[PDB]
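Read the single chain below, which is given as structure tokens and is the form deposited in one PDB entry.
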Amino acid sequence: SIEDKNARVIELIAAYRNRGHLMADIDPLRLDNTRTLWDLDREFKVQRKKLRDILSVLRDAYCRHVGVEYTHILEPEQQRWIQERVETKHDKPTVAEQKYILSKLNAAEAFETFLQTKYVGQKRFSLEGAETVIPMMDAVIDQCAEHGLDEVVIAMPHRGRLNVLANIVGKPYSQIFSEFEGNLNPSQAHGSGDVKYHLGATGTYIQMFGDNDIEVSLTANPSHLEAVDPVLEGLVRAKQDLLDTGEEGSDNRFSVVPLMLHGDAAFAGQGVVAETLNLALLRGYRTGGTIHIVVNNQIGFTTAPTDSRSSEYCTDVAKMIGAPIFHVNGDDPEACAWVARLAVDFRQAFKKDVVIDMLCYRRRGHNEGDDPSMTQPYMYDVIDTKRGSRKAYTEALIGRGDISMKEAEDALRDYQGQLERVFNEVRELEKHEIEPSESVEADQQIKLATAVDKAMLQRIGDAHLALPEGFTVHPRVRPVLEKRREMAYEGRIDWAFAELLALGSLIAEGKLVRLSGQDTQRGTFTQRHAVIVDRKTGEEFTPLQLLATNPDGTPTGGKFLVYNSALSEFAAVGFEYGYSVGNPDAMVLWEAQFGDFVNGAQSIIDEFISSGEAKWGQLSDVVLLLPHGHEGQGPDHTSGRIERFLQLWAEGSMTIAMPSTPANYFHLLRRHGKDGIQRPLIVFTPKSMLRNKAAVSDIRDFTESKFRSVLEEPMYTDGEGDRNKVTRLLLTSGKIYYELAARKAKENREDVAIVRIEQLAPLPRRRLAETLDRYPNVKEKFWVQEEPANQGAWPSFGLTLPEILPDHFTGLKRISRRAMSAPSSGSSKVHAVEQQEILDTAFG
């Protein structure tokens, strides 16, 4: 029947669109083997088309060298856009464009073979077998320049990293040969440094055929595969906010493009990939779509794909955000460049991620000193019989008569001869002396005033009541706004308001403030209310945003960007780190729900925050707010692991603090934002102490004071206390101070003094010695803490204080909870009995 045949043609059209990719000739190695007739000339309704013409369009679009996955996309306009661009007769590239593609393949393979000759076996993680990644990346960048965009920022692992640096970003060949030689000048040898395949670079890309230029950057990274992914996103988002493009901009161009490269085993196996993809369309994190390239060489070291993933493709995780996926044959450079341009066009049209799965192979072992035939003999027997993409592409151009055999040979020896001359120039250089690496501490140094005036406090207070017309405030939120106006004019300022006084005053001075984390708009402890929601309409009001406008109506240049994060730690912390790298003038704070969950971001803390300056010269001013304290809420609601951050600390790389007063926290944040130093800040913040009526500050503590790294009891600095009566000195940090002070007051213990160390790192050596010198009759000193003996500040202070200050801390003893495997007990009642034991020992 006629109605019967038309319906089966509709099923065939759907079959090619949905599953044609399973039959596309995408694998250059062809490792897998398993991978009527009278109706062809009859016409069918689609316009009317002959079945033969319908099928040829479908086979060409879906079953040649490109496997298209797009029918999983829920937006019909996105499916239609792809359908219309892939189901057409494509215009062949010009001879000039083909010669340009060959010039890039030439550079890619000849760079690798040169290094094989000069530095045999030495680790370089060659791109050989995946040379088409260079004309593919060139096509991405050129298409971004065609759209008139501002910058392309790249993040990538080790595979062909040295090739991308030299042949895409423009890192001088001489500098790459200087790393191989191990002859580093003083600039190159600064800090502790990192391996050659982890370094970054920047340059200007000039269009070969077009009239535009675009900036190209490549960020630094650790060995930890995919860990840089959220860092790239944050870095790009900060550059977009600065250019007033994208989400927090005036134009929707998102004119800074993330280009993210991956390896096949890492893309499927590392969870941070899913966490980063999850940020792609979020208001607080979107970058208008990332261009992903997977260098799918169908191996991970010695591991076969069947042991690396539980899905058909290494890119199947990208289906979580409905991204289109293009699987392309790495031996077809024209198809590779075409997919790269289509991906940029899709990203520009829908501001969403696009994934390119480039199927290729690894010419050599995992690293150039490894033999891959021991574990993959069949794969390497096939690779051995293979002509590279450069030679195959050259033969195609010679066959078409576009270039001659002599021209191709000449261009090869010209590039080889070029490398030899740069190689010999570098070899002639006088050898720099090799010295032990030195601390970066002195590279960045801090009179900085952080006090504000009464008018500033009052303005921030009044902003909380300058509600939009007809705004219905929630009845339990209204007292917070009214109490803040009261605190601003009368004092008794609590921690939550002191934080907003610091951020609000920075905004009024013209600073961009970005604050985020889990339920951070309201605050986990219902304390912040950075955003308030209309009880009747759901409309939002952000009081601190009013501080971005001067009293005369002019802008300050400042802004308040406050968001609820996704439920992530690894990607969220990575993003905020990257954001502060991308905009050093921004105040960037990430808040943990509880300090106990920041161990989910351990790779970012270890590999970027604590060590990036010494390793790469990369600076970040990110703040981590870690709610911390022994309150009887259990082992996962007690500790931000102070001891781990103090262990990681070295070379003045981070500032670590546990403030005990609202005003000292205010001055800490203002010093951090205004010091001109780009170094992370770790703050152990309160929970119950937010509502401790003793933990409040006077107006003069904000207007006539500064950050105090060491604090004495107010009875000695302002009261009638006698320091000479003190025979026992208790040294502590954080909320336990208020419990020790309450016990001293109850028992009138004039023989005991409590000294707080507000800044845990760097140790305030001079301030501590000066403070202790004011108590001449001290006979015994104790470090008092809530935390178990193997936790808190004792593991580092117990070793460092008697060493740095021998005349003050020889014989320093510890008062704490016993050493524990978990950060606390799970029972509130057990916590309470242990807490009272510390207080009784301290005054016993």
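So that there is no doubt, residue numbering starts at 1 and follows the sequence shown. Take the two forms, find the largest set of C-alpha atoms that superpose within 1.5 Å, and that set is the rigid core.
In at least one third of the other compared structures of this protein with flanking residues present, residue 192 is left unmodelled.
Coordinates for residue 796 are present in every one of the other compared entries of this protein that model residues on both sides of it, well short of the third needed to count it as often missing. Unmodelled residues of the deposited sequence between residue 446 and residue 447: 1 to 3. According to the entry, the stretch of the deposited sequence that connects residue 813 to residue 814 contains no residue lacking coordinates, so the chain runs unbroken between them. Relative to one another, 512 to 520 and 709 to 717 have unequal mean CA B-factors, and 709 to 717 is the one with the higher figure.
Comparing 48 to 56 with 65 to 73, the higher mean C-alpha B-factor in the PDB entry belongs to 48 to 56.
Set against one another, the Cα B-factors of 606, 494, 332, 435 in the record reach their highest point at 435. In the deposited coordinates, the residue among 805, 784, 793, 819 with the greatest CA B-factor is 805. Residue 240: CA B factor in the lowest third of modelled residues in this chain (values from the PDB entry). Ranked by C-alpha B-factor against the other modelled residues of its chain, residue 663 falls in the middle third.
Remark: residue 630 belongs to the lowest third of its chain, ranked by C-alpha B-factor as recorded.
Looking at the C-alpha B-factors along this chain, the one for residue 224 belongs to the lowest third. In this PDB entry, residue 364 carries a Cα temperature factor that places it within the lowest third of its chain's modelled residues.
There is another form of this protein, the form deposited in another entry, and it is not shown here; the text below is about that form.
Here the two forms are overlaid on the core, and between the shown form and the other one the C-alpha of 175 is the only one among 524, 603, 175, 207 to shift by 2 Å or more. If you fit the rigid core between the shown form and the other one, you'll see the Cα of residue 120 move by 2 angstroms or more. With the core held fixed, residue 88 shows a CA shift below 2 Å between the shown form and the other one. Core-superposed comparison between the shown form and the other one: the Cα of residue 614 travels less than 2 Å. Relative to the displayed conformation, the Cα-Cα distance from residue 123 to residue 611 grows by 3 Å or more in that other deposited form.
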